[PDB]
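Residue numbers (the authors' numbering), protein chains in the order written: chain AD, 2 to 273; chain BI, 1 to 101; chain BR, 2 to 89; chain BU, 17 to 88; chain BN, 11 to 129.
Take a look at the structure set out below.
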RNA sequence: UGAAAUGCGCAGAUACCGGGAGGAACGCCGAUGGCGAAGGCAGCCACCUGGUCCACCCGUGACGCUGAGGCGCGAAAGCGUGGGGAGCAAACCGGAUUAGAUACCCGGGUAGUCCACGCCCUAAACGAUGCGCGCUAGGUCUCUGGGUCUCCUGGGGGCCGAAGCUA
RNA sequence: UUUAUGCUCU
Ligand SMILES: [Mg+2]
Ligand SMILES: [Mg+2]
Ligand SMILES: [Mg+2]
Ligand SMILES: [Mg+2]
Ligand SMILES: [Mg+2]
Ligand SMILES: [Mg+2]
Ligand SMILES: [Mg+2]
Ligand SMILES: [Mg+2]
Ligand SMILES: [Mg+2]
Ligand SMILES: [Mg+2]
Ligand SMILES: [Mg+2]
Ligand SMILES: [Mg+2]
Ligand SMILES: [Mg+2]
Ligand SMILES: [Mg+2]
Ligand SMILES: [Mg+2]
Ligand SMILES: [Mg+2]
Ligand SMILES: [Mg+2]
Ligand SMILES: [Mg+2]
Ligand SMILES: [Mg+2]
Ligand SMILES: [Mg+2]
Ligand SMILES: [Mg+2]
Ligand SMILES: [Mg+2]
Ligand SMILES: [Mg+2]
Ligand SMILES: [Mg+2]
Ligand SMILES: [Mg+2]
Ligand SMILES: [Mg+2]
Ligand SMILES: [Mg+2]
Ligand SMILES: [Mg+2]
Ligand SMILES: [Mg+2]
Ligand SMILES: [Mg+2]
Ligand SMILES: [Mg+2]
Ligand SMILES: [Mg+2]
Ligand SMILES: [Mg+2]
Ligand SMILES: [Mg+2]
Ligand SMILES: [Mg+2]
Ligand SMILES: [Mg+2]
Ligand SMILES: [Mg+2]
Ligand SMILES: [Mg+2]
Ligand SMILES: [Mg+2]
Ligand SMILES: [Mg+2]
Ligand SMILES: [Mg+2]
Ligand SMILES: [Mg+2]
Ligand SMILES: [Mg+2]
Ligand SMILES: [Mg+2]
Ligand SMILES: [Mg+2]
Ligand SMILES: [Mg+2]
Ligand SMILES: [Mg+2]
Ligand SMILES: [Mg+2]
């Protein structure tokens, strides 16, 4: 669910928080397998290269396991489900029979205390990782690799997933969370199930400050600027765009496509 | 527990060796969900009225069983996981209804 | 469903005497069994209103009896309830 | 108009067994439809039992769902 | 791009027109015609005579690539059906069979207001 | 289509074949039938579950009937949050018709139609016939139980009708 | 597939 508040202040009236009942003995995280210190910095070497960032709560980085072939065959028990501030999804601490501990992005359903495993073997149930080629066509899946052995990249956002649609050569055909139909190599690992914490999309920040906590500084409209600053600056009492709506740097921002045309990747795609 | 007849249609192009492979998992899954077999009728290949999986023919299997009813649904889901298992119809057993007699 | 010996168990346990297969309590108790069953079914299948209808009927019936019993014998009313956990 | 009611065309059959085609495939038409009561000679109760099973067989792949009208 | 003896004939018969495509044994159309190809516009094409004229222009072009036998297949009601079936037989092409494959849903998509009427 | 026009099509359409995607509805059976208190319920399978009838005459011993309030359910449309969207289709655009045509016919087409959850509480929600019980000729058709299985008996669904009722 | 309409009191 999602937590609501009686309006005992404005903003608290619309404010809505995440449900943390799914969260098992978190609080203190697992200092070992993560965390590392997280270098919080809003610009590159010198200059701001992404506007409107900075501030917001300090964070410890949980170094999660986005490649599971690392431990083929070795099963493991799910010890806890934890809060991770560095992603929308929740994380699951799992103890391997090895005695090795690793975090995984907690899939929807994944219960505390169940066994998990990865490999060409691997029962087709929730939490288990397999090379795409060995997953029954039609199953939903998450944390997919885009190229073999390069680590998961796709469907890692809270509530996201991907469907295996068919096979074609050493490639299988996924339908990515974006809706794009893509061919991915069969050797690429995926893990069965959707991501979970899917109520995520339904929280309401409620106030300006709430955005400040997440590290988002106020965003100012070109419309409020001067010509020096933005295509939309200037006028003299409000103003339509007076030209095709543009970004501070001049390019159009309503329709104009941006994907590089001649791109090797193009040969493996087929949708929106 | 209840008596269910269990119909399973398999890929016809499988070889006698594979066919046994696909048939051992059935039998284990059958046992893992709590089914105690009774009869059995492996009519084998059979001509189909319409192509299932683009294959005019299909290899048939038929089991009578007594399993806990609260696990029949799950069983069917499991039996179907195989690609060489192209259809399953679990049906609760019935005393035959006769005519002309 | 409530199986034969399953309901038999109850019949015997409440019978006012070996042979009693439909006294006030044996009925009340009997109903109580189905009610608690359905009540747990509806908790799961809540958009199943038709079945909930019967529930009301089984509940209403049970009440009528208990009102009769508490009218004729205010003793085995406490007794019956206490033993069943009813009237909240 | 003519022909027999069919029920009087075969001996003692189990119209609950959805597996024996030959008995059943005679209750279908040229095109493949379930035959009306006025040609199966079955009763109210028997016609339901029949269809219910005729459907099952179809799913199984034994009985057809439809077939073309031959030589019109 | 070839000359094949054994073939297959298709009759599409709608209220508004009749169109006949003649295919190879595999279904690949060898040549086709319709009420409009004959020379008619408007509703003249929905005629049984337009269907006849049509099915002949079909067969005639078929025999060009060497067409002898067909397995005539009709789809859809309409005034084209029979006259189109007849016409074929009455010129070269021996009709090895006459199948009716007019597609019908087991209650699939809702139809247009026009073809629904009752409930 | 009445006839057409808009529309689509030599940028390869319609017709035909093979592959794939996706949504919705379930042909024959099917009935003038069945079930439900009503709204209403129709491919198949399994699980959970309500009502109901019959046979036996076994148990309680009037424990009944109705029911102002209350509570629950309540077609379609409609509303909120998500999803879903193939066909259809208010609105809207275009083509025709006409004196005009914001319609009727045609080509497009968005909400909606579908799912989850939560609201809305309407209706020719109709048998325009509140519920329970006893009493007052029969004929025939049908569904479904039991029968000493031509006939009898119980519960339903129809028609014709004694007596009586009715403008 | 083209039509709509018929003043007031008797
Ligand atoms: Mg720099
Ligand atoms: Mg530096
Ligand atoms: Mg520097
Ligand atoms: Mg958001
Ligand atoms: Mg702003
Ligand atoms: Mg300014
Ligand atoms: Mg400056
Ligand atoms: Mg400028
Ligand atoms: Mg400007
Ligand atoms: Mg101004
Ligand atoms: Mg026409
Ligand atoms: Mg076809
Ligand atoms: Mg053109
Ligand atoms: Mg044009
Ligand atoms: Mg060209
Ligand atoms: Mg096609
Ligand atoms: Mg009824
Ligand atoms: Mg009705
Ligand atoms: Mg029942
Ligand atoms: Mg007695
Ligand atoms: Mg006594
Ligand atoms: Mg009052
Ligand atoms: Mg309510
Ligand atoms: Mg409603
Ligand atoms: Mg509605
Ligand atoms: Mg809506
Ligand atoms: Mg919506
Ligand atoms: Mg218009
Ligand atoms: Mg106009
Ligand atoms: Mg004028
Ligand atoms: Mg008019
Ligand atoms: Mg229209
Ligand atoms: Mg349309
Ligand atoms: Mg609105
Ligand atoms: Mg009311
Ligand atoms: Mg009504
Ligand atoms: Mg009135
Ligand atoms: Mg009445
Ligand atoms: Mg009343
Ligand atoms: Mg009955
Ligand atoms: Mg009988
Ligand atoms: Mg009667
Ligand atoms: Mg009458
Ligand atoms: Mg009279
Ligand atoms: Mg006037
Ligand atoms: Mg007048
Ligand atoms: Mg006037
Ligand atoms: Mg006057």
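Backbone N, C-alpha and C define an ideal beta-carbon position, used for all residues, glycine too.
Chain-order list of chain BN residues neighbouring residue 86/BU: 107, 108, 109 and 110, by C-beta distance under 9 Å.
The beta-carbon of residue 38/BU is placed no less than 9 Å from the nearest beta-carbon of chain BI. The shortest C-alpha to C-alpha distance from residue 93/BI to any of 100/BI, 64/BI, 25/BI and 87/BI is the one to 64/BI. In the DSSP assignment, residue 7/BI falls within the beta strand (DSSP E) that extends over 2 to 10. Secondary structure within the stretch 186 to 263 of chain AD: the alpha helix (DSSP H) runs of 4 or more consecutive residues, fully enclosed, are 209 to 214 (chain order). Here residue 208/AD is near residue 12/AD, since their CB atoms are less than 9 Å apart. Secondary structure at residue 25/BR: helix, using DSSP grouped into helix, strand and coil. In this structure, the alpha-carbon of residue 45/BR lies about 19 Å from that of residue 60/BR. About 5 Å separates the Cβ atoms of residue 83/BN and residue 20/BN, confirming a contact at the 8 Å cut-off.
In the DSSP assignment, the residues bridged to residue 63/BI are 6/BI and 40/BI. At a beta-carbon threshold of 9 Å, the residues of chain BI lying near residue 32/BU are 94, 95, 96, 97 and 98, ordered along the chain.
Chain-order list of chain BU residues neighbouring residue 44/BI: empty, with the shortest C-beta distance near 14 Å, by a criterion of under 8 Å.
Bounds of any alpha helix (DSSP H) do not take in residue 167/AD; it lies within the beta strand (DSSP E) bounded by 163 to 169. Residue 78/BR sits buried, since 16 or more C-beta atoms from the chains shown fall within 10 Å of its C-beta.
The continuous alpha helix (DSSP H) containing residue 70/BU extends over residues 60 to 76. Secondary structure at residue 132/AD: strand, using DSSP grouped into helix, strand and coil.
For residue 121/BN and residue 23/BN, the gap between their C-alpha atoms comes out near 19 Å. At a cut-off of 9 Å between C-beta atoms, residue 43/BU does not count as an interface residue with respect to chain BN. With its beta carbon at least 9 Å from every one in chain BN, residue 29/BU lies outside the interface. Looking at the DSSP output, residue 117/AD sits in a beta bridge with 77/AD. Against chain BU, the CB of residue 52/BI has a partner CB under 9 Å away; the residue lies at that interface. Relative to ligand 9, even the nearest heavy atom lies 8 Å or more away from the CB of residue 217/AD.
By DSSP's assignment, residue 31/BN forms a beta bridge with 20/BN and 42/BN. Within chain BU, the C-beta atoms nearer than 8 Å to that of residue 58/BI come from 77, in chain order. Residue-level contact by beta carbon holds for residue 65/BU and chain BI, with a gap shorter than 9 Å.
When DSSP assignments are scanned along the stretch 33 to 107 of chain BN, the uninterrupted stretches of beta strand (DSSP E) that are 3 or more residues long and fall wholly within it turn out to be 39 to 44 and 83 to 85. At least one beta carbon of chain BU lies nearer than 9 Å to the beta carbon of residue 116/BN.
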